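J.: Need the 3D shape of this:
(4 chains)
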Amino acid sequence: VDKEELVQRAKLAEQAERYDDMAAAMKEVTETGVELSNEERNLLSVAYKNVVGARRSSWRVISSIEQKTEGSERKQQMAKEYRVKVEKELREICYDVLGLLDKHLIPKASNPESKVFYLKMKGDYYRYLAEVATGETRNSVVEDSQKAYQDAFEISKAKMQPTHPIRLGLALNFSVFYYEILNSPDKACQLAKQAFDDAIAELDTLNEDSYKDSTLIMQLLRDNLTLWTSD
Amino acid sequence: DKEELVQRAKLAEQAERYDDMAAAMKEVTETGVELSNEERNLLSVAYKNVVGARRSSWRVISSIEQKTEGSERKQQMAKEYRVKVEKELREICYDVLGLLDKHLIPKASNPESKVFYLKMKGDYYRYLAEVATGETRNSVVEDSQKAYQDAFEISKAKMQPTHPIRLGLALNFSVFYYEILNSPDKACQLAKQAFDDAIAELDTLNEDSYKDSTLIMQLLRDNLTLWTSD
Amino acid sequence: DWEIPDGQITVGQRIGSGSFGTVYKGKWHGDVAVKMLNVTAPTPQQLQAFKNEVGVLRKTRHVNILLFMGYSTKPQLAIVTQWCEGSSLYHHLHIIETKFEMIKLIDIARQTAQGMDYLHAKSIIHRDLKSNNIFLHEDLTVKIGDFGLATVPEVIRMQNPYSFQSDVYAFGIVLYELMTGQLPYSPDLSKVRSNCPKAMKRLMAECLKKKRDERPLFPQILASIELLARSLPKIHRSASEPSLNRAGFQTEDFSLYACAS
Amino acid sequence: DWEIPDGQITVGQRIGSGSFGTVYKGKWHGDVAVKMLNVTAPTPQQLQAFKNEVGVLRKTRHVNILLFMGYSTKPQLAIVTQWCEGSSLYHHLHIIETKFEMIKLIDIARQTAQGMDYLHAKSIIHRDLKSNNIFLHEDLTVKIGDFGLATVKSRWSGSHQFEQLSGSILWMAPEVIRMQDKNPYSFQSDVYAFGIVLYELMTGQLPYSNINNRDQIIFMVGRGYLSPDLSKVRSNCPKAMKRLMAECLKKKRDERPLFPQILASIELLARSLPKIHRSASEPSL
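T.: Numbers count the residues shown, from 1 in each chain, chains lettered A, B, ... in the order given. Let me share the structure:
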C-alpha cells in the first residue's frame, strides 16, 4: 500500500527528530489525497508547526538584536543583511502549506470538523507572515486571514460542539490576531471571554480526556487575558 | 572581509541556526592566519552540533530498526532512512578534516594550540568509526589512535598537567578504548594515570583560572564507576 | 537575645493540632512558621520546658537543621522557625507515594545522617526522631526540624534511658523506610531494592540490632555512606569532553566571601 | 559559643587570595568555606576586624542572609561560613548574559529587600554593598554575604576612616565622597546602594556606562552633575517599580525612603503579570 509506506517514513522522522525531511515527505500523501483521516491529519500539523517554529523563534531573536543598535554601528546592516536571509526562506516554507491546502485538502473535506481545521491552518500561515510582512504586504495579507478566520467561525459557531478543542483553539488563536496585527484588545478581550465562559458552563457530561487538553488551553486563555486587562 | 566574517557566525551563535554558523567559520580559514582562541573555539561548538544533531538521530534510528522484528518491508523502510543520515554524516567531517590537514595543522605551530586540533582531528575519525562498517572500520580505528598518540605525546611536553586541553584529550582518549576498540583493561588505565596525575597537582596554586577544568575532573570520576562496575 | 518585641508576628492559618501544640503559618520578614502553644495559663512544667528548649536551639546553626529565627512569650508563648518550601518525608513515601531515583533516594540518607552528626557534635539528644518531621526544602536539601522534646530498646523497656546511641536504633528505621516504602508492624528480609545494594543491606542491619551497647557511632555512618555514594553509577553512558563554556569567565568565583578590587 | 576546636575543619582546595580575601574550601559536616588570614601575625587592625565580624555574624539568623557556622583561632583565624552553589548576580548579568524574565527580575529584587531589612531591624550597616556580593542558591532563592565591612550601631564606640580604597566606584554614596566626622554610613545612606543595584538589575546594563575612568565620576557624584540615567529602562518596567527607583537614588540624603517602605511597595506587585509578554497560541501535540 503506497499510503502506509509514505506515513511510516514520516512517523519515524519526527521520532528521530528531523522535521525538515518529514515536511518534505508528509505532504506527499496529499498528492493521492482521497480522504485525509484525522489520525494522520494532525501528523501534517505537527510537522509544519515545528518547521516554521524554529525559524520564527530564530526570527524574533534577530529582530531583538537589530533594534539593539548600540547607537548606530557601521556593521549592523549585516545584521539586517542576515535578517533578510531568514525572511527569504520564511516565505518559501509557508507558500507550499497554504498552497497545498486550497488545491487539495479544502475542496475534498466532507466533514465540517475537517473544514474548520484546514481553514484555521489556512488562516494561520498568514499570521506568521503578518509580522514578517512589514509594509503594504502587512495591509494586504491580514484581511485574507481575517476572512479565512471569518469563514472559519460559521462552521464552528453552528456545526460544532461548544467545547470542541479545535473551536476552542480557534478563538484562542484568533484572539492573538487582533492585538499584534490590528491593535485592539477590546475586540480581543470581548472575543475571548465569551467562549471562555461558554465552555466552563456545561463541563458536566464530557469525558476527562476531552476535559484534559481543553483545560490546557482554557488556562492559556487566562494568562492571555491577564496581559490584556493589564493594558 | 575578515573580522566581520567572524561576526556573521557569532551572530548566528545565539540565533541557534548552527548550519550557517559552520559554513561561515570555514570560509575565513582560506587565508593563512594561525587563528586565535576567539575563533578556533567557535568551530568546536559548531561542528559538534551539526554532527550531534545527526548523531543523536543515528542513535535512535539504529535503535528503532532493531526495536522491531516483523515485516521486512518496514524493516527495510528503516534501513533506507538509516543511510540518509549516514551518507550525510560522513560528508560533514571531511569538510572539517580536509580543511585542517591541508593548511591548518601545518599552520598549527604553537604546542599550546597544536595539541588542540590534534584532539579534534582524530575525534571526528571516532565519529566515523562508530558508524563505518566492514574493512572501512579497521582503516580509521587504526587511524584514530595514530591521530591520538601523537597528541598525547605532546601532552608530555605541554605546559601544565592541569591544563584543560590535556585533561580533555585524556577524557577523549579513554572514551575511545572502551567504546570503539573494546579494551576495558586499558580503559581505566588512562583515566587513573590522568586523574591522579592531576589531583596530586593543584596543591600550591590555581592562580590560573580553573573552574572549567574541575568539571572535566568530575566527568573522569563519574564515568569510571560504570567502567569499574563490570 | 533573640527576644523580639510584642506585636510583630502577623499570624495566619492553623497547621495541625495535637500533642505537640499548634502551628500557624506566620509572616515576619517573609513567611515563617510558628510553633504556638495555645494555652495562656502557664503550667509549671512549661515554665521549665520552654526555657531549656530555646537553650537547645540557640546553638544549632547548620544547613540540614531547620533554621531557628526567633521566639516570644509576651502576648503568647511560641517560637519562630523557618518556612520550608516543600512537604515532609512522611508526605513523600506514604501520603502521595512519590517514586524516586536510587542515586538520590540514598542521597537524602547522606543528608539526614549528615545533619544529625551536627547535633551530636554539639552533644544534643534528639530523642524523638521519626519520618514525620523530615522536611525537604526545594526537594534538593533535607531539613531536620520540630525536635521539641530534645534534651541537651531502652525507650520501649523504660530501663534517663537515652544517649547518643539511643536514636540510631530509630535512625535505621528512617533509612529502612526509604527502601521498601512501607512502615513495619524485624524489617530486614523485605529489602528487595531496585539497585539492590549490599552495604545498605549491611548498614541497615548494623543499626537496628537488639544489643544496645554495640551500636555504631555516628561519624562512621557519615563516612560509610559517602563511600557508598561513589559506587552507585551517576551516568548511564560514557561522556566526552563537552561543548566548552568559553565565555571569558573561568575562575572559581570567590566574591561572595570577600571583596573584588 | 561556637569557638571551633582545632582539627575538626579539613581545609581543601584554594579558591581565591586577592584583596585580603584568602578564601578556601572545607569539608566539615558538608562542604563549607573558610576565610583565613593572609599573614601569620594579626596586626591591631586585623584582630579588631575579626573581633567585630565574629559578632556581626553572631547576630543574623535569616534564610536570605549568608549562614554562619563557626570560627577557629588556634592555627590561624578562620571564619566558617556556608557554601552556596550557584553563581553570583553580576556574573548572571554581564558575563553569561542570561535573558531574565521580568517576573523573576523582581523576586530577585524582592528577596534582596525582604532580607536586607533583617540587617536593619537588627540595626546593622552593610557598609560596603556592591552588586556582586549577592549570590543565588541554585538560581531560585537568593543569599547575601560579604560582611567584611559590616558595622553595628556605633554611637558608643567611635570609628576612624579605614576606607576610600575599594572597587565600589559605580555604587558610591555622595556622603561617602564627603567623609564627615559624623560617620556618613547610615540607614538612609544604605538604600542608595540598593537603588543603583535595582537600576543595574532592571535595565540589564552596567551603571554609569559612559565612563573612561573615575576622574569624571567622583567630581560629579556629590556636586550634582553625575546621575544614574534610569530613563534607559527596559521595555517592560511596571509603573510602581518605574517610580520607586526615582525617589530611591535621591541626591537628598534624607529624602530617600525607609527600608520597610521599599519592601511594602514591591509586595504590591503580586498580581502584575502571570505569563510572558508573548501571548500564547494553540499547543503542539
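J.: Would you mind listing what in chain A touches chain D?
T.: Taking CB under 8 Å from any CB of the partner chain as the contact definition, chain A meets chain D at A:42, A:45-46, A:49-50, A:53, A:169, A:172-173, A:175-176, A:179-180, A:213, A:216-217, A:220, A:222-224, A:226-227, A:230. Every residue, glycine included, has its C-beta placed from N, CA and C.
J.: ok, 6 Å please
T.: A:46, A:49, A:169, A:172, A:173, A:176, A:220, A:223, A:224, A:226, A:227 (CB under 6 Å from any CB of the partner chain).
J.: I'd like these as TSV, with secondary structure and distance to chain B appended.
T.: Output for these, formatted as TSV (DSSP: H, G, I helix; E, B strand; the rest coil; distance: CB to the nearest CB, whole Å):
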residue	secondary structure	distance to chain B
A:46	helix	17
A:49	helix	17
A:169	helix	27
A:172	helix	27
A:173	helix	25
A:176	helix	23
A:220	helix	25
A:223	helix	25
A:224	helix	26
A:226	helix	29
A:227	helix	26
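J.: hmm, which of the residues you listed are the buried ones?
T.: If you count burial by 16 or more other CB atoms under 10 Å in any protein chain shown, the buried members of those come out as A:46, A:49, A:169, A:172, A:173, A:176, A:220, A:224, A:227.
J.: Redo those as JSON lines? Include distance to residue C:3.
T.: Converted to JSON lines, those look like this (distance: CB to CB, whole Å):
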{"residue": "A:46", "distance to residue C:3": "64"}
{"residue": "A:49", "distance to residue C:3": "62"}
{"residue": "A:169", "distance to residue C:3": "60"}
{"residue": "A:172", "distance to residue C:3": "56"}
{"residue": "A:173", "distance to residue C:3": "60"}
{"residue": "A:176", "distance to residue C:3": "57"}
{"residue": "A:220", "distance to residue C:3": "51"}
{"residue": "A:224", "distance to residue C:3": "51"}
{"residue": "A:227", "distance to residue C:3": "47"}
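J.: Residue C:196 - that's part of a strand, no?
T.: No: judged by DSSP: H, G, I helix; E, B strand; the rest coil, residue C:196 forms no part of a strand; its state is coil.
J.: And for residue C:18, the neighbour number?
T.: Neighbour count of residue C:18, defined by other CB atoms under 10 Å in any protein chain shown: 7.
J.: now it: how far from residue C:38?
T.: Counting by CB to CB, to the nearest Å, the gap from residue C:18 to residue C:38 is 11 Å.
J.: Check residue A:218 too.
T.: To residue C:38, residue A:218 is 43 Å away according to CB to CB.
J.: the more surrounded of these two?
T.: Using other CB under 10 Å, the more surrounded residue of residue A:218 and residue C:38 is residue A:218, with 19 against 12.
J.: now that one, what's its secondary structure?
T.: Using three-state DSSP, the structure places residue A:218 in helix.
J.: That one and chain B, how far apart?
T.: In this structure, residue A:218 and chain B are 31 Å apart, going by CB to the nearest CB, to the nearest Å.
J.: all strands for the stretch 1-150 of chain C, in order.
T.: C:14-18, C:21-24, C:34-36, C:70-72, C:78-80, C:134-135, C:143-144 (DSSP state E, counting those that start in this stretch).
J.: possible to save those as a markdown table with distance to chain D?
T.: Converted to a markdown table, the strands of the stretch 1-150 of chain C look like this (distance: least, CB to the nearest CB, whole Å):
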| stretch | distance to chain D |
| --- | --- |
| strand C:14-18 | 18 |
| strand C:21-24 | 18 |
| strand C:34-36 | 15 |
| strand C:70-72 | 8 |
| strand C:78-80 | 9 |
| strand C:134-135 | 13 |
| strand C:143-144 | 11 |
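J.: mind listing the strands for chain A?
T.: In chain A, no strands are defined using DSSP state E.
J.: The residue in chain C positioned nearest to chain D sits in which helix or strand?
T.: Closest contact between chain C and chain D, by CB to the nearest CB, is at residue C:258 (2.2 Å). Using DSSP states H and E, residue C:258 falls within no helix or strand.
J.: Count the residues that sit near residue A:164.
T.: Other residues lying near residue A:164 total 16 when counted by other CB under 10 Å.
J.: can you pull the contacts of it?
T.: By CB atoms under 6 Å, 6 or more residues apart in numbering or on different chains, the contact set of residue A:164 is empty.
J.: Now do the buried residues in stretch C:62-80.
T.: Using 16+ other CB under 10 Å as the test for burial, stretch C:62-80 gives C:62-72, C:77-80.
J.: Tell me which residues are up against that stretch.
T.: Residues from elsewhere that reach stretch C:62-80 (CB under 6 Å, 6+ apart): C:2, C:4, C:6, C:32, C:34-37, C:54, C:57, C:81-82, C:111, C:114-115, C:118, C:143-145, D:30, D:61.
J.: if you set the cut-off to 7 Å instead, what comes out?
T.: Stretch C:62-80 has contacts (CB atoms under 7 Å, 6 or more residues apart in numbering or on different chains) with C:2-4, C:6, C:9, C:26, C:28, C:32, C:34-37, C:40, C:50, C:54, C:57, C:60, C:81-82, C:84, C:111, C:114-115, C:118, C:135, C:141-145, D:29-30, D:61-63, D:69, D:82.
J.: Equivalent analysis for stretch A:173-193, please.
T.: Under the contact criterion CB under 7 Å, 6+ apart, stretch A:173-193 has outside partners A:120, A:124, A:127, A:130-131, A:142, A:149, A:171, A:221, A:224-225, A:228-229, A:231, D:279, D:281-282.
J.: let's see 8 Å
T.: Applying CB atoms under 8 Å, 6 or more residues apart in numbering or on different chains, the contact partners of stretch A:173-193 are A:120, A:123-124, A:127, A:130-131, A:142, A:145-146, A:149, A:152, A:171-172, A:221, A:224-225, A:228-229, A:231, D:279-282.
J.: ditto for stretch C:33-45
T.: Contacts of stretch C:33-45 (CB under 8 Å, 6+ apart): C:9, C:11, C:15, C:20-26, C:46, C:76-83, C:146, C:148.
J.: so who does residue A:153 touch?
T.: residue A:170.
J.: for the spatially most central residue of chain A, what are its contacts?
T.: With distances taken as CA atoms, centre = their mean, the residue of chain A nearest its centroid is residue A:124 (4.0 Å). Remark: with contacts taken as CB under 8 Å, 6+ apart, residue A:124 is in contact with A:145, A:173.
J.: and if we set it to 7 Å?
T.: Here residue A:124 is in contact with residue A:173 (CB under 7 Å, 6+ apart).
J.: Leaving out the residues flanking it, which one is nearest to residue 7?
T.: Unless you meant another one, I'm taking chain A. Computed as CB to CB, 6 or more residues apart in numbering or on different chains, the closest residue to residue A:7 that is not its neighbour in sequence is residue A:40, at 5.6 Å.
J.: ah, no, chain C please
T.: In space, and not counting its chain neighbours, residue C:7 is closest to residue C:75: 7.2 Å by CB to CB, 6+ apart.
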